[PDB]
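Encoded as structure tokens, the structure appears first; notes follow it.
Rule-based calculations on the coordinates, nothing more; no lab input. Counting neighbours? That spans all protein chains shown, and the Cβs are built from the backbone with ideal geometry, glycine included.
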Amino acid sequence: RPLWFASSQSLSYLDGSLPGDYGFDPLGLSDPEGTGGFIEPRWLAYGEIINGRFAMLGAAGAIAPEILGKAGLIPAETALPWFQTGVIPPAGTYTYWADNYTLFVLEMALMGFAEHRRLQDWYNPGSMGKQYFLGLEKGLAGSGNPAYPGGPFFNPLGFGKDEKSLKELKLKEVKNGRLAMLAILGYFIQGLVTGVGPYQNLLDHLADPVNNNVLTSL
Amino acid sequence: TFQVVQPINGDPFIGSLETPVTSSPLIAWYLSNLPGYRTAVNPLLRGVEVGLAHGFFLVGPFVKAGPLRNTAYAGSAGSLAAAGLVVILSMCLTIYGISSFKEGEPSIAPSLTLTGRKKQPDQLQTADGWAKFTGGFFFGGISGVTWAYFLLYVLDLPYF
Amino acid sequence: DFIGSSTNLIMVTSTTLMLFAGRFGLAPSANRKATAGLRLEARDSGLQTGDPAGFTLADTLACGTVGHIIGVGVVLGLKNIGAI
Amino acid sequence: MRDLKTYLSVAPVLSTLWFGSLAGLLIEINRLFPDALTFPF
Amino acid sequence: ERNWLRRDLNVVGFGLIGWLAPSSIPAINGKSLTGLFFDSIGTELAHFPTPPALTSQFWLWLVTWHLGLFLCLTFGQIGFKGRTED
Amino acid sequence: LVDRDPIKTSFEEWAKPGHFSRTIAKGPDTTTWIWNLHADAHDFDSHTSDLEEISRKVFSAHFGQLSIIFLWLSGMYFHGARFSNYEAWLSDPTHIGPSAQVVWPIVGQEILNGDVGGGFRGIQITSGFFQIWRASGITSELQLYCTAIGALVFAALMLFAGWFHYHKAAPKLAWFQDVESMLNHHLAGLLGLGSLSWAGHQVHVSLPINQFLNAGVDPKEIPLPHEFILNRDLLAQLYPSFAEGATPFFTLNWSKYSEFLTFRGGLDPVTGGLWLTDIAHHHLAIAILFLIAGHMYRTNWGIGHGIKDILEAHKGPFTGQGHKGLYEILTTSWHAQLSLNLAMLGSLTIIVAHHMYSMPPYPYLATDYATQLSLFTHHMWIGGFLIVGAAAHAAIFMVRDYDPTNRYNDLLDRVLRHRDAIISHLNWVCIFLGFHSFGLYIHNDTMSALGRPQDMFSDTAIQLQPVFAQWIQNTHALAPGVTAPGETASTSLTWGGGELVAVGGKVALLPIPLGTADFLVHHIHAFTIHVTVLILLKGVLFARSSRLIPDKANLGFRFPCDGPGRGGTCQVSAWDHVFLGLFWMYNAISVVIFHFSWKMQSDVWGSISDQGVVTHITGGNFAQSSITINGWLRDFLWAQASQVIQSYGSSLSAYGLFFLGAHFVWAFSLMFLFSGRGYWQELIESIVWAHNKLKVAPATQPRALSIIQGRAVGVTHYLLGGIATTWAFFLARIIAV
Ligand code: CLA
Ligand code: CLA
Ligand code: CLA
Ligand SMILES: CC1=C(/C=C/C(C)=C/C=C\C(C)=C\C=C\C=C(C)\C=C\C=C(C)\C=C\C2=C(C)CCCC2(C)C)C(C)(C)CCC1
Ligand code: SF4
């Protein structure tokens, strides 16, 4: 297998079982010696997968309204950058059907239901498919692997029927998630120093790459 | 590896150590030539040297710091005080010698050198030797005080 | 111009000189330890580097930092007395 | 909790509670009736 | 217990020369530490035997010169003797 | 490396006192059990012999200490926001006395709410928090309220961390013994990054706000701190070099930042404190130095030093094997590390106390005399206590953890083989210093009583000039322009430049002359310090054995005697040497603080008129009156105690009450120090007799205090009484004048 900044310590426990494994661990955070707390290989892999999925949802979301505004498809009052949509009211605010602090409570409650069920399945595998939940517990039984639950709810189309195809698709998921985390960090620090949306930043770079660049922005 | 500090005479069970301060050749030579360590000489002659050296010194502090230092009687008063102190010290030496030593007994000084050679024990550790030492010390101390006073206040030497 | 200025030249020279000394055995490294007599003894670090001489990323960062420190000191010292 | 109730019956905690209540009562008594030098009733 | 210093008097000349050589460089506004000390010595001998005053610069030069000289002598002794024991 | 859930969280152990010890868990047959419960509470070594368990226990208690400190800071910040006159003081610092405590009117105690200015009634504080907040740019009480809330949150976080790292994930022993990584992190991250962050705060907040305040602007009209960040035009108006941004930093054009990064030296004439630009430059340089220093020790990447390798290479012809073996001792014993750190921290505290008075770092601090005196005395006492604790724990290590069969070290072995010479030389030095320091005071007293003032050691009859310190003062006064060309003024005004700084009609600082009295008092200080070092070092060196008791190590570290034999063996343990050195530390620190107080009131502090003539508080009587013991009794203790004895009926009556209370407490300690246990045990037997008569005899048999407990009670009460008396005297004297 290809290797990327591997070391003698890191290769002693990264044997290639995990998807998207290249032996990269300079700090040895996943060393199985004395695992405890939140520093644990299984928890670290699960966290990487979940963060990748959430960043992949966020990376396209923070730019989808902006490009359609410059394309003249959505009204200009909704083509706001991600930092002037109500996330940071000091930077700007938009008036929705409810005040922002009210929406926060509803989001908190729904996300609490979903995430508490996910955590309780992580703690006790197969526990969420036992107690009566509106008759939806029949499909929320999980599969024994916390990161890949499958089932009629989380695998509707039935992709990845073959195990080799499943491994390839897991590798693709990991790669795309890592790329999306990088893009999200780029979003944050681009917004910090240029003070304008990432799509406009890309258009600025395309217009003139030498006058509109880091050497001229910082 | 070279080590400087060694046990005393090579015996590690005697309560002392040998250091450059104690066993340097210059320090060893200097101490062996002082009158108090010349075990083969008449105690009277060592006492005379010790008395001369000690009496000569005592004049200075008494003269310079005394209650009459700022008056015309500074030198005479200082010399008289030094002579009185010499007399007191002579009395102390006589009393110590009477108390410690008994007539007719042999000397109690060690008779072994550091190299193991046998030597005649010092006669200063006997009644007669200590009496001679005290009588030499008194005569030496008076002579030294008188010499210091004479040099300082009979000859107008350019001192200070 | 800043690019042709004396500060640019001094700093580049210092950094390149320190990196050269670290790579070609003229300074201590992850693979070379100075003893009490200032003699380099061979060491194995356990770090894969993909370099013929064994020169690691940690060697590179350290040598760059030392070169930058020396260059900054020299530049400021010369600037103080009016030489540059 | 039986063990928690046992820890509340130990000497220092009980003494502290008793003395705190006592000091509070005395402070309020002296606040309602200040400067008492004689028993007038 | 004898000859505890392992006497080697070549150290005295080497240390003295290795102090006098760098200390003679005139990096102090055109003057050298050794030069300043020697000029101070010359100035205070003009009123012999009166001692230097408390405000004179002689004491500072004396202390700073002898500090470096003693460092050179001590390190020279340690280096000469330590070559054979390590 | 940690362990998951090593100890269950339960209330069971709360109901069984003494569970940490097998002997104590049995039950209270006598009253000695109750005292034994508290004395052995935190001796984790006696509880278990496993080093990992001791390390895990030690790690968690520091979190509780941090939580308590954060709670104290939260209270201090909250009281300034709610019960203070800070906003009135901010408009007139020179005429308003700071106050942050108020009292409920209950039994007539509202008399303590005296006036302090600004329409406020409360207790005047001398901790100096007002100047700290002013130097940080704090203007309103909202900021103080926010800071108090944040401190409360941090205290909660510390408590949770303390619970977690003991009950959920406890680190292994290999984690604790990584000294190279700990040193690297504590140097580069804890200190360097903290200094850099404080430098950034001073650059972006303190400098503009303090410039606006010094210009005379109303504090309510000053822009908020965030306005200087969002609006670079304001900072450019204040400092033009800010218009260039960070470009000068990266082009090595550092000279452009000379407006707010200076090397001036001296004091600010308006406020009487150090220039803040100098402080910002100082913190920046210190941050750089600590960041560089944190890359010295070796870790997972092979580059760096090994502490064991450095230690093993330092040996000589006089010391044999040298420092080889010291690495294993300092990585397996908690007591030796504690002793070393205690000694260093005490020395640092004393250095800090000396440094803060001669270079006042806060605005309007030099002209607040009470704050200066209080800070000096407080930090001196803290340093002394820590220094004594160092020797205590060194003796504990010598008794317990010393084992040459597995932890041999040549340097420690050689010290123990010539201890008689060390102790005898120290004894002679102490006797010589005592004769030639205190004897000169008795000579002066006798000559003065006999009517012979021309035979005294004084500036008029027989001078003893401290010429070495005067030379240092002259060298430091002429440093700028010769040996420090980059400096404009001297480091301190006390070196003797000749300039005077006056703030609001009062003297802030000026040159301090040295004469015959300073010589005597400095040698008194040296004598006292040497005697204390004698008592503590004798106690450490003879902990295991002596010619009197060869087997002293078998009896332990804390035992009373070995009986009346060998002529008598009272006070032979190493604990008794700390008990005896506490009294000498008290003596030395008392003398030092008395010297500071009298010298400051006599030669420095005072008021300045329009024509430029200085009138000091006591009129410069230190030079001629302090050369005798009668002078100290009359012109210092008798004269300056009139403020505290006349404080009844005013707002300072609390100090008058504390004076007598501390006198009583000090005198009460002599009962425990002069008497012995047998008398009190015999006396109790008669008292128990009448309790048996009335059927009120307790089942827990009353016992007299042990020999060690009586000694400890006596010394504790003795120190409390003396220090409290001096505290009340100082505060009552200095607040009034
Ligand atoms: C960071 C500082 C530090 C730390 C962690 C320790 C830690 C330790 N020390 Mg120690 N010590 C220190 C500083 C420190 N010391 C200093 C500075 C000194 C010099 C004064 C000492 C002197 C010392 C001695 C002499 C002894 C220890 C001992 C010990 C060990 C047991 C402590 C114990 O059980 O406490 C128990 C704690 C108490 C009994 C509390 C005492 C309360 C004080 C004295 C009075 C406070 C008055 C208070 C204000 C009044 C309010 C009362 C209230 C009820 C109303 C423990 C390892 C003992 C040991 O190792 O024995 C083998 C031991 O004998 N220490
Ligand atoms: C005010 C009472 C007092 C006095 C005078 C002393 C004096 C002394 N203590 Mg001390 N001590 C005291 C209280 C006192 N202590 C108390 C309360 C405690 C607590 C228990 C201790 C605990 C203590 C310890 C633990 C130690 C001492 C030691 C010493 C001696 C230090 C060495 C020395 O030469 O000092 C200088 C001596 C003096 C200042 C006394 C001389 C007084 C002047 C010069 C008069 C001289 C008169 C002259 C000779 C002519 C007289 C002739 C005659 C005919 C009139 C010294 C004799 C130490 C010791 O043994 O020596 C190292 C030691 O280890 N003390
Ligand atoms: C209920 C408990 C109790 C009772 C009934 C007595 C009764 C007596 N004690 Mg006494 N005593 C007690 C507790 C008690 N004591 C305690 C705890 C101590 C230790 C501080 C003493 C120390 C003591 C001494 C030193 C002396 C007496 C003496 C006496 C006799 C003289 C009368 C008197 O008031 O003396 C004065 C008694 C005191 C000042 C004791 C202080 C009062 C304490 C604080 C009360 C504690 C009560 C206790 C907590 C009960 C809790 C009840 C709860 C569990 C329900 C008398 C028979 C004297 C005597 O005749 O000699 C034989 C005597 O010289 N006692
Ligand atoms: C040929 C070759 C090559 C080459 C390359 C190179 C040569 C590069 C380099 C470069 C580099 C690698 C650089 C580095 C650097 C580093 C650093 C630089 C770090 C750090 C530092 C610091 C952190 C500092 C700081 C400071 C400050 C801020 C202030 C004061 C001063 C000082 C300076 C101290 C390659 C590989 C491509 C390929 C193969 C072949
Ligand atoms: S019981 Fe007291 S007097 Fe007797 S030997 Fe022990 S300490 Fe000394």
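Calculate how steeply helix E:58-82 sits against the longest principal axis of the alpha-carbon atoms of chain E, using the helix alpha-carbon long axis, and give the answer as 0 to 90 degrees to the nearest 10.
Tilt of helix E:58-82: around 10 degrees.
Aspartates and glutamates within cross-link reach of F:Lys506: Cα-Cα under 20 Å, excluding same-chain residues under 8 positions apart?
Of all the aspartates and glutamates, those that pass the test against F:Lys506 - Cα under 20 Å, at least 8 places apart if same chain - are F:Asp92, F:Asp268, F:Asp368, F:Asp603, F:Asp610.
Under a plain spin-label model, where a point goes 7 Å from the Cα along Cα-to-Cβ, how far apart in nm are A:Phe113 and C:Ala42?
In this crude label model, A:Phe113 to C:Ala42 measures out at 6.8 nm.
Hey, can you list the DSSP H helices of chain B whose Cα span along the axis is 30 Å or longer and whose average Kyte-Doolittle score is at least 0.5? List each step's numbers first, then the result.
On the way: long enough: B:43-65 (34 Å, 1.05); B:74-100 (39 Å, 1.59); B:127-153 (39 Å, 0.71).
Within chain B the helices that satisfy the rule are B:43-65, B:74-100, B:127-153.
Gap in Å between the Cα centre of segment F:661-710 and the Cα centre of segment A:119-165?
Going from one Cα centre to the other spans 74 Å.
Can you tell me the 0 to 90 degree angle between the C-alpha axis of helix C:57-80 and the longest principal axis of chain C, rounded to 10?
Once rounded, one gets 20 degrees.
Could you size up the charge dipole of chain F around its Cα centre, putting +1 on the beta carbon of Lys and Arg and -1 on that of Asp and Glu, and report it in debye to the nearest 20?
Dipole of chain F, to the nearest 20 debye: 1820 debye.
If you look at just the Cα atoms of segment A:89-218, how large are its Rg and its Dmax in Å?
21.7, 63
Less than 29 Å apart at the alpha-carbon level, and either on another chain or at least 8 residues along: which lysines does that give for A:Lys170?
Cα-Cα hits under 29 Å: A:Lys130, A:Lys138, A:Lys161.
Assigning unit charges at the beta carbon (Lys, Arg +1; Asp, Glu -1) and nothing else, what dipole magnitude in debye, to the nearest 20, does chain A show about its Cα centre?
540 debye
Could you compute the net charge surrounding F:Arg4? Neighbours are other residues with a C-beta less than 11 Å from the C-beta of F:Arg4; K and R count +1, D and E count -1.
With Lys, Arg at +1 and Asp, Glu at -1, the neighbours total -2.
Note the count of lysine pairs whose C-alpha atoms are less than 29 angstrom apart in chain B, limited to pairs 8 or more residues apart or on different chains.
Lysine pairs meeting both conditions in chain B amount to 5.
Could you work out how far the C-alpha centroid of segment A:19-93 sits from that of segment F:564-620, in angstrom?
If you average the Cα positions of each part, the centres end up 64 Å apart.
List the DSSP H helices in chain F whose Cα atoms stretch 30 Å or more along the helix axis and whose mean Kyte-Doolittle hydropathy is at least -0.5.
Flagged H segments are F:51-82, F:141-167, F:334-358, F:369-400, F:419-450, F:516-541, F:574-603, F:707-736.
Can you pick out the pairs among C:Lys33/E:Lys31; F:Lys16/F:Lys552; E:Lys81/F:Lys308; F:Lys26/F:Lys168; A:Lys167/F:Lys168 whose Cα atoms lie more than 32 Å from each other?
Result: C:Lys33/E:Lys31; F:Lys16/F:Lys552; A:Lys167/F:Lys168 exceed 32 Å.
Taking a quarter of the surface of the convex hull around the Cα atoms of the protein assembly as shown, what do you get in nm²? Don't skip to the answer; put the middle values down first.
Details: hull surface 310.1 nm².
Convex hull of Cα atoms, orientation-averaged projection: 77.5 nm².
What value, in deg cm²/dmol to 500, does the helix sum -39500 (n - 2.57) over DSSP H runs of n ≥ 4 give at 222 nm once divided by the residues of the protein assembly as shown?
Details: 48 runs with 706 residues, N = 1326.
Result for the protein assembly as shown: -17500 deg cm²/dmol, rounded to the nearest 500.
Within segment F:534-564, which trypsin sites (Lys or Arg not before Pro) sit in a loop by DSSP and count at most 10 neighbouring Cβ atoms inside 10 Å?
Values: sites: F:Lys538, F:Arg544, F:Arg547, F:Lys552, F:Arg558; in loops: F:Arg544, F:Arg547, F:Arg558.
Those that pass, being in a loop and sparsely packed, are F:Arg547.
Within chain A, which complete DSSP H helices have Cα atoms spanning at least 15 Å along the helix axis and a mean Kyte-Doolittle hydropathy of -0.5 or higher?
A:41-61, A:100-123, A:163-194
Counting other C-beta atoms within 10 Å, and keeping those with at most 16, which DSSP coil chymotrypsin sites (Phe, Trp or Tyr not before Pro) do you find in segment B:30-92?
B:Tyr73
Which of the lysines could a cross-linker bridge to F:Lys172, judged by Cα under 16 Å and excluding same-chain residues fewer than eight apart?
F:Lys57
What is the Cα centroid distance between segment B:89-158 and segment F:23-75, reported in whole angstrom?
Measuring centre to centre over Cα atoms gives 67 Å.
Provide the convex hull volume over Cα atoms per residue for segment F:64-197, in Å³. Write out the running numbers ahead of the final one.
Numbers: hull volume 21.0 nm³, N = 134.
That works out to 157 Å³ per residue.
On alpha-carbon atoms, Rg over Rh for segment B:102-160 using Kirkwood Rh?
Rg divided by Rh gives 1.31.
Starting from the Cα gyration tensor of chain F, take the square roots of the eigenvalues, sort them a ≥ b ≥ c, and report rounded, prolate or oblate (rounded when a/c is under 1.5, otherwise prolate if a/b is larger than b/c, else oblate).
Numbers: a/c = 1.41, a/b = 1.22, b/c = 1.16.
Cα axes put chain F in the rounded bin.
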